[PDB]
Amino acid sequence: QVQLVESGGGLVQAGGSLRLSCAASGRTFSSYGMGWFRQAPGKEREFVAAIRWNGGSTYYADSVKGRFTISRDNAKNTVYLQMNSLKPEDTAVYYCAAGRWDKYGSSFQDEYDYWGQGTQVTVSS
């Protein structure tokens, strides 16, 4: 049963880059599709990116496609979110999530059982 902790959030300028991390507890990390979601002020939580348990297949929201890349290191129980070419509308709380989907449904919050508390990313103008 899985605890998730996000790190690496902060204040960055528009045009900058920021790399988030999420560490998972346990010895089953290889069993989990991993995902990032985000939630801006006043708005509902939305998908950002997901990565299959084996790495390789990845999935992205159109809003961040190309600019963000998701990766994982199963030896370290960690998923990463490399956020490039940042814009102020990327400002949100970013949540790490874990589910036991294999290839399908990764864009849907409901496919994830475990959530982190989230980390703040702020992109200034």
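The numbering used is simple: start at 1 and walk along the sequence shown.
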Worksheet entry | Higher-scoring stretch by recorded Cα B factor average, 39-47 or 79-87 | 39-47
Worksheet entry | Between the two ranges 30-38 and 50-58, the one averaging a larger CA B factor in the entry | 50-58
Item to complete: Relative to the other modelled residues of the same chain, rank the CA B-factor of residue 125 and answer lowest, middle or highest third.
Response: highest
Worksheet item: So where's residue 3 on the chain's Cα temperature factor ranking, which third?
Response: middle
Worksheet entry | Chain third (lowest, middle, highest) by recorded CA B-factor, residue given as residue 12 | highest
